[PDB]
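Given next are the chains, with one letter for each unit.
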Amino acid sequence: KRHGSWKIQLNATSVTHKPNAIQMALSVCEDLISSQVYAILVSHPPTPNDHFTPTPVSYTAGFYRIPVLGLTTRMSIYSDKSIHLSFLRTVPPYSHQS
Amino acid sequence: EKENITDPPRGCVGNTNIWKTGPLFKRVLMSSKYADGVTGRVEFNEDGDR
Amino acid sequence: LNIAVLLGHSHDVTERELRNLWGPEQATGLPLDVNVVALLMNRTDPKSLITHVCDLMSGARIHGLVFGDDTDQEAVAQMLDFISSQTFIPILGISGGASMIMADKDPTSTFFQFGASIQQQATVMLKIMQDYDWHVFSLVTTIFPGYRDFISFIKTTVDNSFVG
Amino acid sequence: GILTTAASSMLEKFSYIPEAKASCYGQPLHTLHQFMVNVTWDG
Ligand SMILES: *[C@@H]1O[C@H](CO)[C@@H](O)[C@H](O)[C@H]1NC(C)=O
Ligand SMILES: *[C@@H]1O[C@H](CO)[C@@H](O)[C@H](O)[C@H]1NC(C)=O
Ligand SMILES: *[C@@H]1O[C@H](CO)[C@@H](O)[C@H](O)[C@H]1NC(C)=O
Ligand SMILES: *[C@@H]1O[C@H](CO)[C@@H](O)[C@H](O)[C@H]1NC(C)=O
Ligand SMILES: *[C@@H]1O[C@H](CO)[C@@H](O)[C@H](O)[C@H]1NC(C)=O
């Protein structure tokens, strides 16, 4: 809306819950490599897998070094940018509570 | 606002190389200062957090 | 047992000598059904990685996985770690990006690399510095991650050092 | 050699250690994770 009269536009792409994490990785990898997305966000708290693992999205996009924005997850194991090569988040993990 | 802007391709067909300005785009995201926000003012620290 | 050795490489080595590398070996064979699956891959994009891993796991339930590499893409091994988070299969990484050091493993994972950690490599480097009596040094790092563990390990090693 | 060493050292203890997954589509206790802490292969 307010971003100039330049010819750039933005398309939306969204994929949802799957209980199987390998097929989550399959949906993410095919549907985001085939689409050429430039920025990927993750917004999945309410999983029955209570380990809170957005790891396949982060690893798949950090293969080709595409940034992944975590939105609800707050584990400090994702703070290691050497493991998760292109993962950022705008929520504080619990260690910063210290 | 800059040149040398490449595209992450359809990497499933014959593309094993990385995207060239990956760390450059990530550094732009790290150096992204903001003064507007619904939940509050957002800024990335050295750990890339709020 | 059923072990798949896949090689995503550019170093031209064929696959039948990998079969002969097991064939006359295993003198004391305690398992009764051990098979080798020697495969050569040319492109290491993660779609083909997960596809071949699912095909080999559906390929008569392969229980062992060994992967080598000659490139500098470490996250593939981390991809194997995610495979190690899900397939419940012990996975070995040989060289290249398959064995570059990741920081912390998982109890949900059974992944392993064939290499030396940055702490053990720092131990070797401090042994080198001790063997020439180069007792004065300065530590210089960038903001590349892993630096805090590096500094803390060096300080705890100097605190446990007879050198002074 | 490490894999066969761990498999042969655990096979003497418990036999049904190979317990794989069938396929990725449509989704064990005694494992080799904590057993192969040591290994020996030709010294
Ligand atoms: C935008 O994305 C949707 C969902 O994949 C797709 O159906 C549509 O064709 C895309 N439009 C553009 C801009 O190509
Ligand atoms: C793009 O990269 C080339 C490499 O030679 C460099 O000369 C040029 O200054 C870069 N573009 C910019 C930042 O204007
Ligand atoms: C916190 O909330 C207030 C509104 O109550 C607003 O100024 C902004 O979102 C935040 N400011 C701080 C950090 O106090
Ligand atoms: C090289 O990789 C391609 C892509 O999978 C494959 O079709 C071909 O069989 C491979 N060749 C060798 C030597 O394995
Ligand atoms: C290896 O571990 C097993 C099981 O604890 C033990 O029986 C064996 O003596 C060990 N061998 C060596 C040389 O450490």
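Residues numbered from 1 in each chain as written, not as in the entry; some residues may be left out. Chains lettered and ligands numbered in written order. Part of a larger assembly, values for the part shown. Heavy atoms only, no water.

The deposited coordinates derive from cryo-EM, with the record listing a resolution of 5.3 Å.

Enquirer: When you look at a nonpolar patch on the surface in this model, what are you seeing that I'm missing?
Expert: Taken together, the side chains of A:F52, A:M75, A:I77 and A:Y94 present a nonpolar region at the surface, about 370 Å² in accessible area. Residue placement: A:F52 occurs in the loop between β1 (40-42) and α2 (55-63). (Patch = residues over 30% accessible without salt bridge, like charges linked within 9 Å, V, L, I, M, F, W, Y side chains within 5 Å. Areas by Shrake-Rupley, 256 points an atom, 1.4 Å probe, with all protein chains shown as cover. Salt bridge = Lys/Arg side-chain N within 4 Å of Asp/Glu carboxyl O. Helix = DSSP H or I, 4+ residues; strand = E, 2+ residues; numbered from the N terminus.)

Enquirer: Any chance you could explain the layout of surface pockets here in plain terms?
Expert: Once rolled over the atoms, a probe with the size of a water molecule shows which space is left empty. Its volume calculated, the second largest pocket comes out at about 1700 Å³. Looking at the second largest pocket, it is lined by 43 residues, and the ones nearest its centre are A:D80, A:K81, A:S82, C:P145 and C:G146. When residues of the lining of the second largest pocket are traced back to their parent elements, those giving at least two are α1 (22-30) of chain B together with α3 (75-86), β5 (111-113), α4 (118-131) and α5 (147-159) of chain C. With five residues, α1(B) is the largest single contributor of residues to the lining of the second largest pocket. (1 Å grid on protein atoms, 1.4 Å probe; cavity = no way out; pocket = protein on both sides within 12 Å on 5 of 7 lines; lining within 4 Å. Points joined across faces, edges and corners; volume = space filled by probe spheres on them.)

Enquirer: Explain the arrangement of the chains here, please?
Expert: Where five pairs of chains are in contact, the pair with the most contacts is made of chains A and B. A gap remains between chain B and chain D, with no contact made and the closest C-alpha atoms lying 19 Å from each other. (Contact = heavy atoms within 4.5 Å.)

Enquirer: In this structure, what is going on with the pattern of salt bridges? I would like to understand it.
Expert: Pairing between side chains of opposite charge can happen when the charged atoms of each approach one another. On inspection of all chains with the given rule, the structure shows four salt bridges over all chains. Put simply, B:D49 and A:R89 hold a salt bridge, and the shortest N to O gap is 2.9 Å. Pair noted here: B:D49 is in the segment after α1 and A:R89 is in strand β3 (residues 87-89), and the two residues belong to different chains. B:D49 sits in the buried class, given a relative accessible area of 0%. The exposure class assigned to A:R89 is buried, which follows from its relative accessible area of 2%. A salt bridge links B:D47 to C:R148; the nearest nitrogen and oxygen atoms lie 3.9 Å apart. Here B:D47 is found in the segment after α1, whereas its partner C:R148 is found in helix α5 on a different chain. (Buried < 20%, exposed > 50% of the residue type's maximum accessible area, 1.4 Å probe, protein only.)

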